[PDB]
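Scroll down for the structure; my scribbles are underneath it.
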Amino acid sequence: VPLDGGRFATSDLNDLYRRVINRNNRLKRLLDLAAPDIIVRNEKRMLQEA
Amino acid sequence: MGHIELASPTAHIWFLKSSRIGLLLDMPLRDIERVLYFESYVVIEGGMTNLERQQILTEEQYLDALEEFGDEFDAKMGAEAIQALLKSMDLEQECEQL
Amino acid sequence: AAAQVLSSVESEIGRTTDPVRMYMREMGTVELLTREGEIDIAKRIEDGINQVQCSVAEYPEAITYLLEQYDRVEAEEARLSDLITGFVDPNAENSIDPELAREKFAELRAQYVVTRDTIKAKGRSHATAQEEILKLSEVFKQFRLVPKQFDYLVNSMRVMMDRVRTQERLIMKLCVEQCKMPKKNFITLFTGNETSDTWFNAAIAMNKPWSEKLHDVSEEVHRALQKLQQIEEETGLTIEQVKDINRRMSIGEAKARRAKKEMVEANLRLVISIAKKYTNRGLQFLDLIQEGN
Amino acid sequence: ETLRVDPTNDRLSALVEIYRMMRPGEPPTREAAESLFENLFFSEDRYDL
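Residue numbers (the UniProt record's numbering), protein chains in the order written: chain X, 253 to 302; chain H, 102 to 119, 122 to 201; chain Z, 79 to 171, 210 to 409; chain U, 349 to 397.
Dropping the structure here:
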């Protein structure tokens with residue numbers, strides 16, 4: 253929601269959703285680009301964190 | 102509500118860390136993670152009994168058995184392989200034995 | 079010999095909950111190449127790239143598709159859009213000057229119709245005909261196609277390998293599963309006859325009483341022959357001549373991806389080198405790395 | 349009797365242990381096992397009594 257002087261305010265679920273969509277996006281961008289699995293593995297463990 | 106497809110199926114944490124998935128599969132919780140974290144393969148369906156099912160196989164010995172059996176064996180690594188471990192077994196049959 | 083410092087220590091890893099020390103565990107195992115590994119494999123990357131460019135040079139329609147698209151844009155009387163970037167583009171080994217795509221374009225007509233009569237006359241695998249199809253492969257690899265439009269011309273066979281193979285699969289899923297034909301004899305006829313319905317009763321001629329009860333699907337087996345031969349009827353190019361492009365392009369492609377696994381993993385920690393000079397808390401330690409890869 | 353229960357015998361395995369606890373996970377080499385214990389109780393810039 254907007255606070256007063258241009259500053260805003262967010263719950264902790266907004267940003268924690270952002271770290272899952274991008275990892276569900278970067279993993280999408282790796283598979284088509286014929287990536288090495290050592291990249292595809294380290295993408296997968298960041299989603300497991302996320 | 103919104104919904105996202107996941108690229109690979111990933112495990113739920115409240116049925117991992119609590122244990123409900125090792126106790127369900129006869130495996131330690133520490134001996135699950137090495138299969139999840141892309142360190143060690145696990146036997147999906149061993150038609151050949153040289154490796155018994157549910158085995159923590161390093162990448163070194165991974166080449167050793169591959170040349171022996173080719174494609175006649177089954178071994179994957181990751182949290183979709185643990186979906187494949189949960190997929191294989193039978194509820195009522197494995198309840199019959201206990 | 080660096081696998082044991084993993085496997086005698088990944089047997090004893092300190093219940094490691096951090097995934098960076100899993101990734102940094104692996105990326106230090108590949109040994110770094112100096113001053114020549116980035117050169118002789120830069121050949122091998124490029125060698126397999128232009129191995130494909132000889133095997134896509136064989137498909138007689140793929141050259142003419144490029145022309146028939148070039149026949150469209152320049153004859154629309156006004157075209158300097160983003161198409162003319164991705165086209166033919168012969169490189170000197210660019211604004212496409214409309215004087216030089218005409219005087220350097222006469223040869224793709226004299227290499228077109230001459231390369232028709234000699235393969236028509238007295239042999240298509242003919243040796244004297246071969247050295248004009250060998251001459252056709254000269255004037256096309258200097259026509260270095262931009263990879264935006266080139267991947268389509270590679271993809272034009274990939275959809276035809278499958279359309280062959282699914283029409284191979286539509287013989288195996290429709291007969292072998294149900295009528296119980298043992299496959300040790302069908303592999304004699306794929307190079308045996310492979311043209312028309314002369315093999316169809318020939319496997320019935322081997323009596324074998326599963327082969328008698330075959331009057332319900334009489335309109336169902338060689339029907340699928342006429343549509344796999346529609347690939348023959350649309351191309352005019354024989355089936356193992358497809359399978360000498362399907363087996364000749366992959367080796368150029370299984371050289372490329374195989375070599376890039378060497379060109380990437382020897383240099384994985386140069387990616388982490390710059391990855392800590394923008395390490396300010398925008399995303400993560402790892403979200404820059406997997407972006408940097 | 350403390351030397352009874354010890355796994356190691358010299359410096360080249362002592363810096364192994366200081367590596368194999370203070371930095372878990374990582375496959376230990378020589379200088380990274382030297383340069384750690386150098387810097388924990390003998391570094392100027394990272395220690396001051």
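C-beta: ideal position from N, C-alpha, C; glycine also.
Of all the options the options, which has the alpha carbon lying nearest to the alpha carbon of residue i?
{"i": "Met273 of chain Z", "options": "Z:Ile117, Z:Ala170, Z:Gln342 and Z:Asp360", "result": "Z:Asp360"}
{"i": "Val255 of chain Z", "options": "Z:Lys220, Z:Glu284 and Z:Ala243", "result": "Z:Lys220"}
{"i": "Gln131 of chain Z", "options": "Z:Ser366, Z:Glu109 and Z:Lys296", "result": "Z:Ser366"}
{"i": "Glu142 of chain H", "options": "Z:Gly126, Z:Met100, Z:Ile127 and Z:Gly115", "result": "Z:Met100"}
{"i": "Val275 of chain Z", "options": "Z:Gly92, Z:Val108 and Z:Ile347", "result": "Z:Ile347"}
{"i": "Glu175 of chain H", "options": "H:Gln200, H:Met151 and H:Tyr144", "result": "H:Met151"}
{"i": "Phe401 of chain Z", "options": "Z:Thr94, Z:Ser89, Z:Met102 and Z:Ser86", "result": "Z:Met102"}
{"i": "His104 of chain H", "options": "X:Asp264, X:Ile273, X:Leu255 and X:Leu299", "result": "X:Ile273"}
{"i": "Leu363 of chain U", "options": "U:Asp396, U:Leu388 and U:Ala381", "result": "U:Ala381"}
{"i": "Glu114 of chain Z", "options": "Z:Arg397, Z:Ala153 and Z:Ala382", "result": "Z:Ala382"}
{"i": "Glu152 of chain Z", "options": "Z:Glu336, Z:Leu111, Z:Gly92 and Z:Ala217", "result": "Z:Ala217"}
Please report how far the alpha carbon of residue i lies from the alpha carbon of residue j, in whole angstroms.
{"i": "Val270 of chain Z", "j": "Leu261 of chain Z", "result": "11 Å"}
{"i": "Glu374 of chain U", "j": "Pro355 of chain U", "result": "20 Å"}
{"i": "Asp167 of chain H", "j": "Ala120 of chain Z", "result": "31 Å"}
{"i": "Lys280 of chain X", "j": "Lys296 of chain X", "result": "11 Å"}
{"i": "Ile249 of chain Z", "j": "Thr231 of chain Z", "result": "6 Å"}
{"i": "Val387 of chain Z", "j": "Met379 of chain Z", "result": "13 Å"}
{"i": "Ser119 of chain H", "j": "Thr377 of chain U", "result": "37 Å"}
{"i": "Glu155 of chain H", "j": "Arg364 of chain Z", "result": "40 Å"}
{"i": "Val83 of chain Z", "j": "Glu109 of chain Z", "result": "14 Å"}
{"i": "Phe302 of chain Z", "j": "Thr351 of chain Z", "result": "25 Å"}
{"i": "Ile290 of chain X", "j": "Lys393 of chain Z", "result": "23 Å"}
{"i": "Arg394 of chain U", "j": "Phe385 of chain U", "result": "12 Å"}
{"i": "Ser89 of chain Z", "j": "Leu128 of chain H", "result": "22 Å"}
{"i": "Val166 of chain Z", "j": "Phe259 of chain Z", "result": "6 Å"}
{"i": "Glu171 of chain H", "j": "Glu163 of chain H", "result": "14 Å"}
{"i": "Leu384 of chain Z", "j": "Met105 of chain Z", "result": "6 Å"}
{"i": "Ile114 of chain H", "j": "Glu301 of chain X", "result": "11 Å"}
{"i": "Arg397 of chain Z", "j": "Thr262 of chain X", "result": "18 Å"}
{"i": "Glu293 of chain Z", "j": "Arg137 of chain H", "result": "41 Å"}
{"i": "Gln147 of chain Z", "j": "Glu139 of chain Z", "result": "12 Å"}
Just to confirm my understanding: we take residue i, look at its own chain, exclude 5 residues before and 5 after, and list those with CB closer than 6 Å. What are they?
{"i": "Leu132 of chain H", "result": "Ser122 and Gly125"}
{"i": "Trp315 of chain Z", "result": "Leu305 and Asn309"}
{"i": "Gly164 of chain Z", "result": "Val262, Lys264 and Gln265"}
{"i": "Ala184 of chain H", "result": "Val145"}
{"i": "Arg359 of chain U", "result": "none"}
{"i": "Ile135 of chain H", "result": "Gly125"}
{"i": "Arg371 of chain U", "result": "none"}
Listing by chain order, which chain H residues have their CB less than 8 Å from the CB of residue i?
{"i": "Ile273 of chain X", "result": "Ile105"}
For residue i, return the contacting residues in chain H, with the cut-off set at a CB-CB distance below 7 Å.
{"i": "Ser389 of chain Z", "result": "Near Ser389 of chain Z there are no residues of chain H at all, since even the closest Cβ is about 24 Å away, more than 7 Å."}
{"i": "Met297 of chain Z", "result": "Result: empty, since nearest Cβ-Cβ is about 24 Å, beyond 7 Å."}
{"i": "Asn266 of chain X", "result": "Residues of chain H passing the Cβ test: none, with the nearest at roughly 13 Å."}
{"i": "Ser85 of chain Z", "result": "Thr161 and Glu163"}
Bridge partners of residue i, per DSSP?
{"i": "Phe260 of chain X", "result": "X:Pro254"}
{"i": "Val87 of chain Z", "result": "The partner list for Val87 of chain Z (beta bridge, DSSP) is empty, contrary to what the question assumes."}
{"i": "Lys179 of chain H", "result": "H:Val145"}
{"i": "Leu126 of chain H", "result": "Its beta-bridge partners do not exist; DSSP assigns none."}
{"i": "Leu160 of chain H", "result": "H:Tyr144"}
With a threshold of 8 Å (Cβ to nearest heavy atom), would residue i be considered close to the ligand HEM?
{"i": "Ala120 of chain Z", "result": "This structure lacks the ligand HEM, and indeed carries no ligand of any kind."}
Near residue i, what residues of its chain come up, given a Cβ to Cβ distance below 7 Å and the 5 sequence neighbours on each side ignored?
{"i": "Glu148 of chain H", "result": "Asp177 and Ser191"}
{"i": "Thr161 of chain H", "result": "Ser143"}
{"i": "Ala391 of chain Z", "result": "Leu404, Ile405 and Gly408"}
{"i": "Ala245 of chain Z", "result": "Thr234, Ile235 and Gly239"}
{"i": "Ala372 of chain Z", "result": "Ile123, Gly126 and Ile127"}
Output, in chain order, the set of chain H residues within a Cβ distance shorter than 9 Å of residue i.
{"i": "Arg270 of chain X", "result": "Chain H residues near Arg270 of chain X: none, gap ~12 Å exceeds 9 Å."}
{"i": "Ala243 of chain Z", "result": "Result: empty, since nearest Cβ-Cβ is about 41 Å, beyond 9 Å."}
{"i": "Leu255 of chain X", "result": "In chain order: nothing, as chain H lies at least about 25 Å away."}
Check the Cβ of residue i against every Cβ in chain Z and list those closer than 9 Å, keeping chain order.
{"i": "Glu382 of chain U", "result": "Those within 9 Å of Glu382 of chain U in chain Z number zero; the least Cβ separation is about 17 Å."}
{"i": "residue 346 of chain U", "result": "There is simply no residue 346 of chain U to check, as chain U begins at 349 and stops at 397 in what is shown."}
{"i": "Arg156 of chain H", "result": "Near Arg156 of chain H there are no residues of chain Z at all, since even the closest Cβ is about 21 Å away, more than 9 Å."}
Find the residues of chain Z that neighbour residue i, judging by a C-beta separation of less than 8 Å, and give them in chain order.
{"i": "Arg259 of chain X", "result": "Per Cβ cutoff of 8 Å: no residues; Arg259 of chain X is ~19 Å from chain Z at best."}
Among the residues of its own chain, which have a CB less than 8 Å from the CB of residue i, if the five just before and after it don't count?
{"i": "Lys343 of chain Z", "result": "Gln283"}
{"i": "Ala187 of chain H", "result": "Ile147 and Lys179"}
{"i": "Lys257 of chain Z", "result": "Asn128, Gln131, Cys132 and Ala135"}
{"i": "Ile320 of chain Z", "result": "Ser327, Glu328 and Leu330"}
{"i": "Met130 of chain H", "result": "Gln157"}
{"i": "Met298 of chain X", "result": "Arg275"}
Residues of chain X with CB under 7 Å from residue i, in chain order?
{"i": "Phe141 of chain H", "result": "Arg293, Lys296 and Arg297"}
{"i": "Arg373 of chain Z", "result": "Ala286"}
{"i": "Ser191 of chain H", "result": "Residues of chain X passing the Cβ test: none, with the nearest at roughly 22 Å."}
For residue i, return the contacting residues in chain X, with the cut-off set at a CB-CB distance below 9 Å.
{"i": "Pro97 of chain Z", "result": "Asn294, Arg297, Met298, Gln300 and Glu301"}
Can you pull the chain X residues whose beta carbon is under 8 Å from the beta carbon of residue i, in chain order?
{"i": "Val275 of chain Z", "result": "Ordered by position in chain X, no residue passes the 8 Å Cβ test against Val275 of chain Z, which lies about 17 Å from the chain."}
{"i": "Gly125 of chain H", "result": "Simply none; closest approach about 17 Å."}
{"i": "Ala182 of chain H", "result": "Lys296 and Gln300"}
{"i": "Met379 of chain Z", "result": "Within chain X, no residue comes near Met379 of chain Z; the closest Cβ sits about 10 Å away, beyond 8 Å."}
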